[PDB]
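Notes follow the structure.
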Amino acid sequence: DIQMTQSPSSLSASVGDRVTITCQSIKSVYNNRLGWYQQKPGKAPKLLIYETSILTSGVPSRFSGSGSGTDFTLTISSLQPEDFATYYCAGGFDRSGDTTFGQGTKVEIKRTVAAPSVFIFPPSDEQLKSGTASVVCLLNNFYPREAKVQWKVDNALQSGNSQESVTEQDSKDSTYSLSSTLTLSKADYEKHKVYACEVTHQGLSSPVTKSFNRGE
Amino acid sequence: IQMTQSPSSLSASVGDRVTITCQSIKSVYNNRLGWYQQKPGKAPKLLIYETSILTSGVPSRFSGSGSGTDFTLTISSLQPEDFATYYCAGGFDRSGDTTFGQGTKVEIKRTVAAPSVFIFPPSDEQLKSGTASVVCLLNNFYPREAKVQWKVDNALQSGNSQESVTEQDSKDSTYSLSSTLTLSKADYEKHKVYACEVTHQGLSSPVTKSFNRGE
Amino acid sequence: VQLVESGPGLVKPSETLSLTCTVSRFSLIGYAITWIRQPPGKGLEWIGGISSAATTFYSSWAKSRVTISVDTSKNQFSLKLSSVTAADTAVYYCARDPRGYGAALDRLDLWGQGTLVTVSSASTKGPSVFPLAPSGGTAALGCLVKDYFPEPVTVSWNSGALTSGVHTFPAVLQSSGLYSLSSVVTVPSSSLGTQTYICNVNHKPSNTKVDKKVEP
Amino acid sequence: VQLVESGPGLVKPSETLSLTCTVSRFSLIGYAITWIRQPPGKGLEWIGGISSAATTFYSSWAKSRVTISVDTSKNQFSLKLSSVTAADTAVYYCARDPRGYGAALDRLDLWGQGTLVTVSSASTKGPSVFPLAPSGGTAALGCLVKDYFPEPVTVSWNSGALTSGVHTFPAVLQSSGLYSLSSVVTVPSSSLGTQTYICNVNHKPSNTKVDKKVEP
Amino acid sequence: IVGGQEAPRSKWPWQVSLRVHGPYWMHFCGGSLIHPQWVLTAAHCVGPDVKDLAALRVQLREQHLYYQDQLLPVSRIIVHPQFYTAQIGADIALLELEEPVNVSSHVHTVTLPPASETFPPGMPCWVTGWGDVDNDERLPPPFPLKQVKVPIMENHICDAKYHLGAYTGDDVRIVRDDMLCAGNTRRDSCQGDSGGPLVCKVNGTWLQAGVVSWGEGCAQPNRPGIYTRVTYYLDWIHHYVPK
Amino acid sequence: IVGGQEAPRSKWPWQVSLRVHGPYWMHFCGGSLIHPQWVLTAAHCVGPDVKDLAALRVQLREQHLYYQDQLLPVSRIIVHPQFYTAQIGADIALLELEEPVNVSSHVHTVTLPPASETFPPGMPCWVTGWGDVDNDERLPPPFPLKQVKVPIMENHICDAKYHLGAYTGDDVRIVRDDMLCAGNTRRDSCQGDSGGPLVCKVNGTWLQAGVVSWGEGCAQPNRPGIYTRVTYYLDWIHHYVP
Amino acid sequence: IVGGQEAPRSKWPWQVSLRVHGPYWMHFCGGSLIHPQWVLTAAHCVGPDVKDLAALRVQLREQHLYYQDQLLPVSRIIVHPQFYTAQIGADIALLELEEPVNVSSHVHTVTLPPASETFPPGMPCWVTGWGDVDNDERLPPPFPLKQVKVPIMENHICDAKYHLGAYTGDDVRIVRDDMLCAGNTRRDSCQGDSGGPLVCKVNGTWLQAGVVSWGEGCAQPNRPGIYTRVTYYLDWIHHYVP
Amino acid sequence: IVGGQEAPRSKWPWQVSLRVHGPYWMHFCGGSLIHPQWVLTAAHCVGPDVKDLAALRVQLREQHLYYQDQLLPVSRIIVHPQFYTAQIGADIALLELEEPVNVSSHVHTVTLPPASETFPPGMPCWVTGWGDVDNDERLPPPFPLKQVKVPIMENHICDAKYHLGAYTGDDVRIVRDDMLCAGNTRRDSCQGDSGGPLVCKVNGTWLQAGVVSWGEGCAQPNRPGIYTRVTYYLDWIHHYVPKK
Ligand SMILES: *C[C@@](*)(O)[C@H](CCCNC(N)=[NH2+])NC(=O)CNC(=O)[C@@H](N)CCC(=O)O
Ligand SMILES: *C[C@@](*)(O)[C@H](CCCNC(N)=[NH2+])NC(=O)CNC(=O)[C@@H](N)CCC(=O)O
Ligand SMILES: *C[C@@](*)(O)[C@H](CCCNC(N)=[NH2+])NC(=O)CNC(=O)[C@@H](N)CCC(=O)O
Ligand SMILES: *C[C@@](*)(O)[C@H](CCCNC(N)=[NH2+])NC(=O)CNC(=O)[C@@H](N)CCC(=O)O
Ligand SMILES: [Ca+2]
Ligand SMILES: [Ca+2]
Ligand SMILES: [Ca+2]
């Protein structure tokens with residue numbers, strides 16, 4: 001269902017930077033029928049620009065649309081932290097069904113390096129009535145997203161059990177929070193005693209280790 | 001006939017209910033009591049007027065209550081932006097008996113954050129003229145309460161220092177402090193090791209940042 | 001003005017998903033409604049639409065297996081997608097073209113909130129909520145919302161009262177084919193034992209509502 | 001809607017401070033203007049005001065040495081403060097009572113931007129700008145704005161382009177009777193030598209504008 | 001004012017104009033200076049709903065509206081507690097001015113009557129205002145203060161006239177005891193005249209007999225203007241206004 | 001009608017539209033068919049002043065005004081003798097039609113309540129009309145009959161609400177005993193709805209609880225719509241209507 | 001339409017009604033279906049200023065406005081390049097519909113004339129629309145389509161009439177060669193009729209002679225209605241319309 | 001007048017107010033005293049239709065309308081023969097007063113320009129009137145005479161602006177050679193200002209450059225105020241008005 005190409009597919013820019021997202025097609029757009037959408041995570045897309053250059057009322061002047069025929073451009077003159085979203089162009093080539101959306105462009109904010117706040121949570125005594133145990137390591141508010149979390153149980157390196165999930169970049173401070181969850185059976189959780197997560201990040205001079213003793 | 005605000009200053013966490021009371025000995029004329037919010041370097045803003053009426057556009061978290069001699073400004077769920085000095089102002093007659101309250105400074109309480117300590121040696125441009133100015137920077141920390149000590153060839157300094165604090169950040173709720181050591185070009189050449197020892201709550205042991213006058 | 005998508009959240013494969021778009025505090029007489037879908041993590045895709053003159057237009061794909069209609073009397077628009085596969089698992093949106101076009105995409109001014117439709121042979125399962133108990137200046141605590149199906153799960157704290165410092169992580173799919181999620185919150189290490197902390201978990205697909213008071 | 005204070009920023013003692021409150025794109029025929037002052041670091045103090053019926057009301061202090069008037073044909077309000085001392089050094093505000101009262105303070109809806117008036121025998125001096133050179137992940141750099149009079153000084157970076165991480169400190173009065181001030185900024189150490197860092201200092205009292213490029 | 005002429009500069013020094021904010025401080029009601037700090041008006045002008053005082057100013061006796069304006073602020077609005085609508089009654093209000101008026105030859109107070117005063121027909125009465133010149137007909141620029149000599153009609157006579165060509169039962173009172181009647185099809189007060197005074201000469205002195213309140217249309221057959229009987233509310237006025 | 005939707009063709013068969021001569025027989029009030037020869041309306045629609053009957057016609061239940069009109073002549077107007085203004089009370093009137101209507105599935109009468117009926121809060125009530133959609137906002141063409149479910153409020157509660165932000169003394173009654181309250185800021189009747197019915201379902205039957213009378217504005221804060229309590233005037237209605 | 005009667009359901013199948021968004025899709029001009037994908041209207045209806053197409057819809061031949069509406073979207077507005085004002089001339093425009101209309105017995109196209117056609121006086125001509133019934137007098141509900149037989153007047157005769165009671169020099173042409181005159185003090189088109197057709201029967205076929213353009217008032221002494229002469233712009237119309 | 005302030009009592013002594021009978025002699029247009037027996041106005045104020053002179057009066061320079069009126073009768077209306085509508089052009093007219101005005105310090109004539117005068121951009125021009133303060137916004141009581149400094153724009157530049165957001169062909173002229181352009185989105189003349197003067201200072205003297213004619217809206221983007229170029233019609237004006 002691909003007829004329009006957005007470039008880049010994803011970009012990272014600092015606050016105040018000029019941002020240019022291009023939308024291109026092989027067939028020419030019907031009647032300036034080219035619009036730009038902004039989609040903030042877990043929200044319906046917002047119409048920013050319509051009919052190539054017309055700005056939706058209320059939308060900041062930092063957003064502008066330009067181009068004609070087969071080549072179009074969305075411009076963000078001075079990128080703001082709130083401007084983090086996926087941007088979609090959408091065009092019409094005829095009036096009877098030849099309309100598509102572009103690939104999308106994930107716009108990411110680039111900010112000063114921030115070190116995470118590491119926390120550890122032992123599995124609840126209630127959860128240990130059922131067959132499983134869940135150790136939770138939290139990494140609170142940092143930049144960049146790229147971090148390494150290591151789960152060491154009785155100093156042995158673990159591979160094939162932990163799962164991590166990242167929050168979407170904050171609209172305000174542009175950071176990220178990450179949760180790494182270690183999953184073992186009740187049999188395996190009682191088999192060992194010291195549980196810890198060795199966090200390697202750019203914002204940390206040396207890897208931060210947070211632990212607990214099963215019993216205390 | 002003046003107005004007493006209580007407390008003179010308060011510190012509260014985000015989401016906390018904040019109550020500032022304004023009280024007078026003479027009773028207010030005709031519900032003539034308004035509340036102002038003054039953010040640093042800005043003109044006061046009218047939030048509440050005629051005791052309880054809210055200015056249009058002002059968030060619903062701001063409410064006004066009271067009558068006669070006792071009034072209250074309430075911030076149901078304190079936000080980081082709500083950091084400001086709040087002043088009540090009342091009228092007792094129509095011909096000049098009106099005052100402002102002493103004001104209340106509202107400050108945000110956030111988790112303890114340690115400063116990023118930096119040191120700056122005098123510039124060669126400033127050095128060419130008669131003076132030398134050494135700058136210690138403490139970046140984005142909480143609470144405001146910190147101690148900066150100036151050490152010259154490992155010797156305690158007194159008098160030649162002046163510090164200045166930024167006003168609390170509207171977004172992250174932290175402070176930044178600059179300590180400046182002012183020395184004569186003659187005395188700056190007399191020493192080699194310049195250090196600013198920083199003692200903060202957020203630091204496990206005092207952080208010392210120095211430079212050897214030579215690179 | 002509001003647009004609302006309504007329909008079953010879970011559909012078994014080979015079956016037919018049926019959705020309705022409803023238009024509150026406005027009967028859009030001269031307008032057009034189009035249906036758009038968005039696979040999780042993927043981009044926007046056009047399904048089809050109905051014009052101002054009740055004319056249907058369907059995308060390249062679909063066409064054969066899609067039906068869009070209007071019930072002016074009910075202020076409703078329908079979408080019917082036959083022989084569904086896991087490829088149809090997406091967030092379904094209905095949007096308005098203020099020019100009443102039917103086959104446009106470049107000027108979708110009003111949008112619905114979006115409705116998640118999951119195509120699976122799997123049965124609905126309610127979650128088990130576990131406390132992430134607090135152990136200096138900062139105090140972190142949360143809730144582990146383990147083994148539920150399908151998405152979504154809504155996590156609030158103190159019945160909406162606590163919003164600051166709250167981080168409800170995106171759900172991650174486990175080996176079991178079940179979802180697991182964590183909701184954390186940072187509070188002062190003075191407020192504990194004095195303030196009651198309850199995470200309110202709600203799984204609409206299974207009609208489950210769990211309230212879990214977290215303690216040290 | 002705007003109220004604008006105008007007048008000399010520096011006044012020698014024993015002289016008379018003359019300020020004007022001008023009211024752009026709005027006729028304030030049925031309104032009242034009151035003058036308020038705020039000593040540096042101290043609180044709000046009422047000077048006096050003029051009613052809807054052109055009636056003057058003056059505070060307890062001042063009464064003797066203050067004169068407030070209206071020029072309806074220019075849409076201006078005057079304030080004249082005779083025999084000034086360093087005790088009169090404050091920020092002067094003009095505000096509107098929408099009830100047109102004249103002696104009110106409880107409903108000052110519109111306010112001016114405020115005007116600093118410094119009462120001193122001292123002459124105006126321009127600042128000397130010095131670089132605070134950067135020194136291993138995120139670097140700090142700034143400008144030392146030394147020996148100037150009176151206040152204020154405006155410090156921007158890269159002509160408005162750099163706003164995040166910028167900290168322009170409050171000025172401190174030195175033994176010399178002049179002001180000193182620092183403006184700092186945190187940037188990634190990686191960006192140094194690739195990014196140009198210029199602080200734009202402006203002292204309006206002396207018509208001084210200095211641009212300094214900070215380098216390692 | 002329906003019928004009648006433009007008032008001389010001298011006459012009616014107690015006459016005030018009530019103003020409302022907008023593209024200009026527009027006239028909307030009349031009133032009378034009854035004390036250097038008080039203006040007497042109709043409640044329907046400023047009620048029953050509570051009004052923001054920021055939106056109101058008083059203008060003292062001048063010949064034309066807007067030409068030589070000096071708008072005075074109001075500090076308090078006191079509407080009679082028994083007031084809901086004009087036809088129900090108690091259509092009276094007081095405005096306390098933020099500053100007292102220094103009375104002169106052109107600007108001074110009107111005398112209120114004693115309680116014993118009845119104001120019977122024959123009485124030389126005048127009503128003044130800047131309101132409508134006829135039904136749905138505004139006073140044209142330059143907005144001169146208008147005056148009209150109106151004939152006083154007895155309450156029962158007036159009440160009988162009000163019932164002519166009306167379904168309302170004869171036993172059902174329209175013109176209430178707190179009301180007064182004056183006017184005919186040629187001479188009357190109209191919309192925008194409200195709160196304004198109905199003054200009568202009683203033993204060489206002008207006394208305010210009524211306050212412009214209501215009526216069906218303006219100078220309509222069998223519909224004389226209805227005014228608030230000032231005698232009825234003397235005790236209430238004097239609870240606030242110094243004797 | 002403020003809030004609410006367009007009524008189905010079936011619903012409210014008793015609904016009438018009062019018409020005034022001019023460039024067209026324009027709608028100005030509503031009313032209800034309470035007998036094949038009688039219409040129940042608001043007195044303020046047709047009074048207190050005596051009206052020329054040449055200037056009035058009645059239109060029976062139809063979906064849209066003016067498209068399928070058959071204007072019926074009125075032979076008599078009976079306004080309650082105690083009526084002067086809406087706020088004073090007795091805002092009720094009867095229109096005797098020159099010809100009796102042939103009742104059917106789409107056009108038939110509404111049941112009046114017993115005197116014992118109180119109409120307490122919770123009652124499922126509906127108000128219907130072709131009047132204003134909001135304050136100073138006319139019903140746009142094609143003029144569909146509108147309906148809105150309105151919540152019944154007790155007289156003292158309503159009376160207390162009417163005093164909020166008013167100079168009127170609390171001891172001074174606004175909402176009178178011949179009146180009934182219904183509506184909120186989202187659901188209400190408006191100008192052009194007067195005379196129209198407020199019907200409630202009481203043990204599976206629709207009874208006309210009230211007659212659209214007055215209110216401060218339309219769907220305003222602390223100002224519910226005021227209706228004439230039909231129970232109060234039953235004896236008067238039945239003096240004329242069989 | 002000033003004078004004349006309500007059109008029969010059958011007659012004028014090419015008649016369209018242009019709509020504008022607001023509290024409802026209100027009628028503001030008329031036009032004619034000249035092709036299943038094209039409407040012919042007056043430029044002053046849609047110009048000279050560029051219009052947002054979101055704010056415009058076309059309604060095909062129906063007897064009354066707003067009752068049985070099915071609003072059609074417009075994809076393009078083509079205003080004659082020579083157009084600035086009605087009195088200057090070139091008051092002609094084309095609307096391209098987003099979808100082609102399914103032609104029938106009640107909804108079909110009007111024939112345009114050959115260039116050679118002059119439309120002299122005596123010609124049986126009719127003008128149709130939903131516009132004003134008289135000066136500043138709107139068409140009342142139920143909004144029926146109106147028709148009036150108008151007499152054709154020669155351009156010089158009409159221009160001479162336009163100079164009577166006018167300061168404009170006799171040598172200064174008012175009625176231009178791209179214009180056509182029809183009407184009297186009893187029969188005429190009015191505001192809201194613009195864009196609509198002036199059709200004449202020529203050898204058993206209805207040909208659109210003119211487009212409703214301008215005039216001083218409506219059915220005023222010595223002021224006949226002025227229509228755009230369709231023959232004058234045939235080449236332009238046929239550059240776009242098949 | 002859109003934008004601008006209230007004129008001082010001294011300024012614009014040539015300014016007249018045209019009145020129409022009704023509940024009062026209401027203001028509807030302006031004009032300028034160009035001779036003690038003649039007033040220069042726009043044709044659209046008084047035409048193209050023939051007007052009853054009983055329904056018209058002229059009011060000489062006063063600060064506010066209606067407060068101190070002395071209405072003067074008109075004996076003749078002379079509308080340019082080429083006038084039909086404002087956009088077509090020749091929107092100029094002359095009113096002959098029944099009595100000659102006794103000229104003074106507050107009430108005197110405006111100088112007409114030589115034919116050679118072009119009125120190029122930069123010139124310091126002013127437009128005056130008692131008309132609308134904004135689109136469909138009347139001048140409120142006490143009706144002060146208003147003044148606004150307007151920037152002169154060249155005809156081709158103005159014509160090009162008038163085509164922006166218009167279907168009209170670029171080759172199709174909107175701003176005609178008998179017209180002049182002045183104003184922006186903040187400063188402009190409006191409805192009721194018509195016939196009023198556009199005066200510019202040329203070598204220390206005020207010359208009437210133009211006569212308020214028309215425009216799309218009032219102070220609208222890319223729509224400057226269009227005035228009748230007085231130079232264009234000098235020969236016609238002087239056929240009736242004594243040269244001096
Ligand atoms: C409030 C004030 O402007 C007017 C003036 C009183 C009318 N005077 C005479 N003589 N009729 N007061 C009112 O308008 C009070 N309400 C009424 O008079 C209503 N009965 C009807 C108003 C109308 O017909 O416009
Ligand atoms: C006569 C009838 O059409 C109207 C409608 C009643 C208003 N209904 C609700 N629910 N608010 N009745 C009146 O207009 C009776 N008089 C009044 O309502 C006045 N208090 C205000 C009239 C107005 O605002 O136009
Ligand atoms: C655009 C369309 O609705 C009208 C109708 C044409 C009038 N037909 C006859 N026979 N008079 N066209 C206009 O309004 C164009 N402008 C004018 O006609 C003006 N000369 C008169 C404007 C008026 O009196 O409203
Ligand atoms: C006749 C006179 O009072 C007005 C005022 C000129 C408007 N001035 C500026 N700068 N816009 N002249 C007209 O009204 C002539 N007609 C027009 O301008 C029309 N194009 C539009 C009128 C309107 O927008 O209402
Ligand atoms: Ca009336
Ligand atoms: Ca209303
Ligand atoms: Ca306009």
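Starting from 1 in every chain, residues are counted up; chains themselves are A, B, ... following the order of the structure tokens, and ligands are numbered from 1 as listed.
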Neighbours of range 134-149 of chain E within 8 Å (only C-alpha atoms; same-chain residues fewer than 3 positions away dropped), as JSON, numbers by chain?
-> {"E": [1, 2, 3, 4, 5, 6, 7, 63, 64, 65, 124, 125, 126, 127, 128, 129, 130, 131, 187, 188, 190, 217, 218, 219], "H": [23, 24, 65, 66, 67]}
Residues of chain F near chain C: apply a cut-off of 10 Å, count only C-alpha atoms, and supply the list as a ChimeraX atom specification.
-> /F:3-6,8
Limited to N, CA and C atoms, could you put the picked residues into a file as a tab-separated table (two decimals), in the first residue's frame?
```tsv
chain	number	residue	atom	x	y	z
F	3	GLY	N	-30.15	21.11	24.08
F	3	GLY	CA	-29.68	19.74	24.27
F	3	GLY	C	-30.66	18.82	23.56
F	4	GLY	N	-30.54	17.53	23.80
F	4	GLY	CA	-31.46	16.57	23.20
F	4	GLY	C	-31.44	16.44	21.69
F	5	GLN	N	-32.16	15.44	21.19
F	5	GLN	CA	-32.20	15.08	19.78
F	5	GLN	C	-33.54	15.29	19.08
F	6	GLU	N	-33.58	14.95	17.79
F	6	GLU	CA	-34.73	15.05	16.92
F	6	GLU	C	-35.67	13.89	17.28
F	8	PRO	N	-38.53	10.91	17.07
F	8	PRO	CA	-38.95	9.97	16.02
F	8	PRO	C	-40.36	10.31	15.58
```
Name the residues in contact with range 148-157 of chain A at a cut-off of 7 Å, using only C-alpha atoms, excluding same-chain residues fewer than 3 positions from it; report them as a ChimeraX atom specification.
-> /A:192-201
Go through the chains and note each residue within 6 Å of ligand 2, using only C-alpha atoms and all ligand atoms, then give the set as a VMD selection string.
-> chain F and resid 29 44 to 45 86 188 to 194 212 to 218 225 to 226
Dump of C-alpha atoms for the selected residues, as a compact mmCIF listing (two decimals), in the first residue's frame:
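Produced file again26.txt, reproduced below:
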```txt
# COMPACT_ATOMS: atom_id res chain seq x y z
CA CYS F 29 -45.36 28.56 20.69
CA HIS F 44 -48.00 34.23 27.94
CA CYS F 45 -48.21 32.89 24.32
CA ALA F 86 -45.08 34.10 33.83
CA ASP F 188 -33.71 22.40 28.77
CA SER F 189 -36.67 24.05 26.95
CA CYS F 190 -36.24 27.55 25.48
CA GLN F 191 -38.15 30.44 23.82
CA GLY F 192 -40.57 28.99 21.23
CA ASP F 193 -41.10 25.88 23.35
CA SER F 194 -43.74 27.61 25.58
CA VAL F 212 -43.40 25.28 29.33
CA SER F 213 -43.65 28.61 31.15
CA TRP F 214 -40.42 30.56 31.87
CA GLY F 215 -36.85 30.62 33.22
CA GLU F 216 -33.83 32.95 33.40
CA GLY F 217 -32.14 32.33 30.02
CA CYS F 218 -31.86 28.82 28.55
CA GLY F 225 -36.55 25.74 33.40
CA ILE F 226 -39.87 26.58 35.06
```
Give me, please, the distance in Å between CA of residue 35 in chain H and CA of residue 21 in chain H, quoted to one decimal.
->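 One can read the CA of residue 35 in chain H to CA of residue 21 in chain H distance as 24.8 Å.
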